[PDB]
């Protein structure tokens, strides 16, 4: 049969394939996972659609506020908490920092993570309160320039994987790079994700890069195309198979759609008040 939302059904079949074919391993601390290495899915973004899963609600406020935080170049977790978004709190507090040997680091200074690499790749990091203007490569600005002036390019790439800075990161990048692609006035985006928790993190990442593509599409005067999601270690955690069993038996509703309620002078000119999400209907929460 045809499903109202085929793209999310395929995601459920991804989860289903992992449980059926994946290999059972104990990640390092004992905690087991079910894992397939090498997967790929595509999600249609046309007509403002954004792939926020309907069988299990996604922390939309987190996606939005975190992505703007990435774009701003910030590595200060405290700015995200001032928006009431706690995803980076445990990774930036005293205990977690000291455990990595960052005993001199202010609480919340996550190190040279995503935002720093996107906008200042190759720059000398010191802390999250340093003015890095004009230091390093502005990958996000270069991408936008390539899309506008060289739409046919096959090198429109933005990487967060900086071997020199990995040591000083509280967490190594998970979505390690993405590639953009223009075809018949439509902007597409492929994301390579080295590691993916299909129960929690992966749906969140789909929304982030789906939203990012919609933003870049508007800045470049293009229409949204397709999101290609490539996974390295696509895995489910053993202790959480019950929740996915429930999620899989649910028929997906239609994806919501993004709507930008004002114009923007650049990728840096977005604000939470003008990113609208319409008709996000989900199935009830899962214990």
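Residue numbers count along the first chain shown, from 1. In this text, rigid core is short for the largest set of C-alphas that superpose within 1.5 Å between two forms.
Student: Which of the two stretches, 19-27 versus 269-277, has its Cα atoms farther on average from this form in 4 other deposited structures of this protein when everything is superposed by the rigid core?
Tutor: Per-stretch check in 4 other deposited structures of this protein: the more divergent one is 19-27.
Student: Out of 101-109 and 139-147, which shows the greater rigid core-aligned C-alpha deviation in 4 other deposited structures of this protein?
Tutor: Looking at 101-109 versus 139-147 in 4 other deposited structures of this protein, the farther one turns out to be 101-109.
Student: Tell me which stretch, 126-134 or 87-95, has the higher mean Cα B-factor listed in the entry.
Tutor: That would be 126-134.
Student: Would you mind comparing 65-73 and 244-252 for me and telling me which has the higher average C-alpha temperature factor in the entry?
Tutor: Mean B over CA atoms: larger for 244-252.
Student: Compare the CA B factors listed in the entry for 268, 278, 16, 273 and report the winner.
Tutor: Top of the list by C-alpha B-factor: 16.
Student: Which has the highest CA B-factor per the PDB entry: 261, 41, 239, 49?
Tutor: Of the options given, 239 has the highest CA B-factor in the PDB entry.
Student: How does the C-alpha B factor of residue 56 compare with the rest of the chain: lowest, middle or highest third?
Tutor: Its C-alpha B-factor belongs to the middle third of this chain's values.
Student: What third of the chain does residue 28 rank in for C-alpha temperature factor, lowest, middle or highest?
Tutor: For residue 28, whose C-alpha B-factor we compare with every modelled residue in the chain, the answer is the highest third.
Student: Ordered by C-alpha B-factor within the chain, which third holds residue 231? Give me lowest, middle or highest, please.
Tutor: Tercile = lowest for this residue's CA B-factor.
Student: Sort the modelled residues of this chain by their C-alpha B factor and say whether residue 175 lands in the lowest, middle or highest third.
Tutor: Bottom third by C-alpha B-factor.
Student: Select lowest, middle or highest to describe the third in which the CA B-factor of residue 107 falls within its chain in this entry.
Tutor: For residue 107, whose C-alpha B-factor we compare with every modelled residue in the chain, the answer is the middle third.
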